[PDB]
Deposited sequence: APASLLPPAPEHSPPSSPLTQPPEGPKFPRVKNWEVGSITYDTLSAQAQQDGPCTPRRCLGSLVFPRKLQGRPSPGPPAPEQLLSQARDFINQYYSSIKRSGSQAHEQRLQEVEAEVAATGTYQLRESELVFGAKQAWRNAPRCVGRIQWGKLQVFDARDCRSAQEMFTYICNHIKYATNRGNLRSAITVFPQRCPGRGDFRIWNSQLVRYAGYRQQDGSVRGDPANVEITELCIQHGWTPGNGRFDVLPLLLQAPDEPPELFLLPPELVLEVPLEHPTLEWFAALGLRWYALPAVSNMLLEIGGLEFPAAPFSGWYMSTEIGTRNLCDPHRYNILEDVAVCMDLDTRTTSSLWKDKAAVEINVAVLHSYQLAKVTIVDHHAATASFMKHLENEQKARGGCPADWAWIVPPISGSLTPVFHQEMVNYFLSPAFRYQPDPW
């Protein structure tokens, strides 16, 4: 009844007893597996209890005076108001736990080092922008990146919500042409048209930092031009392919996701942007080489004079590796925090053993932990994993349009 889980590189075996606690049913059934699909009223009370119980057991304080009392005041809070507010330390506990529970995040060896900015006393877009701009600058820290989340007011019935309209705080533009095809990032063509709608003027670049679209409850969104000095960027150069710089590639320093809904102990925070630091394959492999993203693979290969006329020359593999080298090298020369997939995955194996000893397992989504180049060269490839939903959690949510 406890999944047997093997490591094929060493032969070791563990049991994931933590999977017993899974709550939100996944998409898989004994009949078919859907593990590769990307996006597959007083219920509040039961979610509330077991979160508080988590908090106190986490601090060796279960069955103790403050535990009894905190259970009453939440029960009393919901009685009158039909909802409740979190104690600051609890919001700190939920934020770090929701990170710890993220099955697809390969960087959770860092889950206990998280700076939480409480932004619950907020109203109007001009306020968020200041909260956002304090996060970004705190998080960037002149390239010495530091993990941070900012949590905006929770969801209330009978009132709009706080939402950021960009998938991330930093996004590059996506412009069509007299032939449809995109100049700039084709990922963000939909939000580029929403911004140009809301006043912004299109640049002509492949790396134009998009303006934020911030939306306060029931008031229509507001454009915001981010300060240029607050958007740290790293021009991409290769250590030994002098022509690489002339290709003119850049990526921003801060991966800061602003469209996921933080759920802690029953409450759902639709605006809660978190950030950390990049893994190099995220930029060098997915963002620049995906056929529907920047899709630079062929252009780098021509410049390295590789034979693009036969797929068996592995020219794709050769140029991809070098695009990744140029990312790691450009970020290191810029002194911005970045991690390569070999270092990241090995630390995740450490994280798994940490979590086995502490909690009897760890939800992990194999197809997202394994890197998108050189998979079987990393030890996560040879590690069987179990995937499920623990709470508190980061969740996806509808786009606010």
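- Residues 1-26, 67-79 of the deposited sequence have no C-alpha coordinates in the structure.
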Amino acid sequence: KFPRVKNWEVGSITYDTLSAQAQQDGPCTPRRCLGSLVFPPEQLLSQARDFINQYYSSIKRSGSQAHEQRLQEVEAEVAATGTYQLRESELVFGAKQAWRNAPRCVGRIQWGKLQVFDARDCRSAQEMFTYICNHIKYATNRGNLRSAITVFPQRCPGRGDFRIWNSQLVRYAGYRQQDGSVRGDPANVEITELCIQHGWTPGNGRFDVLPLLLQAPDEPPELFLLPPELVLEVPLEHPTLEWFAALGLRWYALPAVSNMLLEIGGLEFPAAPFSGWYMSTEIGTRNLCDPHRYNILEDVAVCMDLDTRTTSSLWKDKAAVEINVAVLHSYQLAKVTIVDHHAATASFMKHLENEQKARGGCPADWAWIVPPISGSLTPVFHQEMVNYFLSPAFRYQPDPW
From here on, numbers count along this sequence of modelled residues.
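For clarity, a rigid core is taken as the largest C-alpha set superposing within 1.5 Å between two forms.
- Root-mean-square C-alpha deviation from the shown form, taken over all structures in 8 other deposited structures of this protein superposed by the rigid core, is larger for 173-181 than for the alternative among 89-97 and 173-181.
- For the pair 57-65 and 331-339, rigid core superposition yields a higher RMS C-alpha distance in 8 other deposited structures of this protein in 57-65.
- Gaps at residue 363 occur in none of the other compared entries of the protein that contain both adjacent residues, all of which model it rather than a third dropping it.
- Not even a third of the other compared entries skip residue 372; each one keeps it along with the residues on either side.
- As the entry records it, the average C-alpha temperature factor is higher for 159-167, out of 238-246 and 159-167.
- For the two regions 202-210 and 91-99, the entry's Cα B-factors average higher over 202-210.
- Take 320, 116, 194, 262 and read off each C-alpha B-factor from the entry; 194 has the highest.
- Looking at 359, 342, 61, 32, the one whose CA carries the top B-factor in the deposited record is 61.
- When the modelled residues of the chain are ordered by C-alpha B-factor, residue 70 sits in the highest third.
- Per-chain ranking of the deposited C-alpha B factor places residue 378 in the lowest third.
- Sort the chain's modelled residues by C-alpha temperature factor and residue 348 lands in the lowest third, per the entry.
- Residue-level temperature factors show residue 44 in the highest third of its chain, judged at the C-alpha atom.
- When the CA B factors of the chain's modelled residues are split into thirds, the value for residue 316 lands in the lowest one.
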